[PDB]
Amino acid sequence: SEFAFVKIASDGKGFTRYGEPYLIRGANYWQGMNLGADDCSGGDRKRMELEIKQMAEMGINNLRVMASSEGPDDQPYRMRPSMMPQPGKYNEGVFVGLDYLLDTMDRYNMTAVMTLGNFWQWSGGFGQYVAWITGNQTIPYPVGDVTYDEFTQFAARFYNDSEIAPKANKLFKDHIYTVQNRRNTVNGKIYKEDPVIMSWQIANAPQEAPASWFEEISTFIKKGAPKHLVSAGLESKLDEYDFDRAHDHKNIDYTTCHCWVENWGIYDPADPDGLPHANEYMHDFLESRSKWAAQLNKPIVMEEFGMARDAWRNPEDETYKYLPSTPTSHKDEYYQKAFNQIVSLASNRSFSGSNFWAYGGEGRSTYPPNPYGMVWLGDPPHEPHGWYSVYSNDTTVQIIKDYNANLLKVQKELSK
């Protein structure tokens, strides 16, 4: 009956679906729900339908999408219009967008990773929940003087403050319940009975949350939808100790890592010699995290990674860095080498696939905002438009297409 839900294999070294091994030929597409909405709510459904076609044609079987976003709608640095402008109150025009995303995905035989919250500010996230509870809407956004560490310590109260946390979490739960139980208006299916969803993911990139928190949340989610896998969203950017705190629990079915060389100060795109130090880092990152996954006997996916355009061709001009016309040779080699390393590890069942960050499609950073002020592409509005996006005609597209073909070949070999 349940032939079609993605499962863990019984040895615990990869995924199964339709009784066969299942490898992740993935991409991130967090802007999907918003592009799926009607024109009245700032959507562009004909564009969404086309962007999914482009992805199927390049060999993609899995999308990691965003399934939350918090008002109020008068805030900078976030998706607008919001999905849930106030607690328990929903924008139905935006919800319908998500219905459509999951229906298209279906017609293209793709599966979805459903992200239910955000630690960062671009969909409201944990910072907004805290604001709602303290009644103080002045979130310390990290611009000007406010540093990242200062904003981080503010949002972390969602689970580290003994008075805030219980309240915050109650409202957080209300949302999960609502989504798990949504009836798809386009095709009738209840979300929790839908084999198109691969898994429910707690949140994007929790920052040093305690183990007990992971323990209770995973259990809650699993009980809400017993047919589905359950995932954590961790970057795994620290040590093995950090890795275990998040992943070692009955109801965390598999593991994740996100890799960001520029953001962490490893790689500098304006430096023409900068590339090989980043390649080494990528290399060691994949093997160390592999061991950690093995130690717990669970599968692993690199659900996030990316790189800038060739800024070093004109280092003294900041804007040159974001033009679509600027080439991506550093980025193309960096991708290629990591794909080749993953193919070889999955040959030996020590790695399950990946999702690059992120697909831009038809969007371009030179286009004007829509009426809600959104320039829709792969880069969230806390970040310069066009930073990391892969456009429909970039040269990196061939590279992604080839990697997907190589990894399907590996999947067939392990089915013998």
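Throughout, we count residues from 1 along the sequence that is shown.
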item: Average Cα temperature factor in the PDB entry - higher stretch of 146-154, 257-265; value: 146-154
item: Mean Cα B-factor comparison, 22-30 or 343-351, giving the higher one as deposited; value: 343-351
item: Which of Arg107, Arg78, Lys167, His330 ranks first by CA B-factor in the deposited coordinates; value: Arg107
item: Highest-ranked of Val94, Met114, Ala278, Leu234 once sorted by CA temperature factor in the record; value: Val94
item: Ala311 - which third its CA temperature factor falls in, relative to the rest of the chain; value: middle
item: Third of the chain, ranked by Cα B-factor, where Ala37 sits; value: middle
item: CA B-factor placement of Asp73, once the chain's modelled residues are sorted into thirds; value: lowest
item: Lowest, middle or highest third - CA B-factor, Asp379; value: lowest
item: Lowest, middle or highest third - CA B-factor, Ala131; value: highest
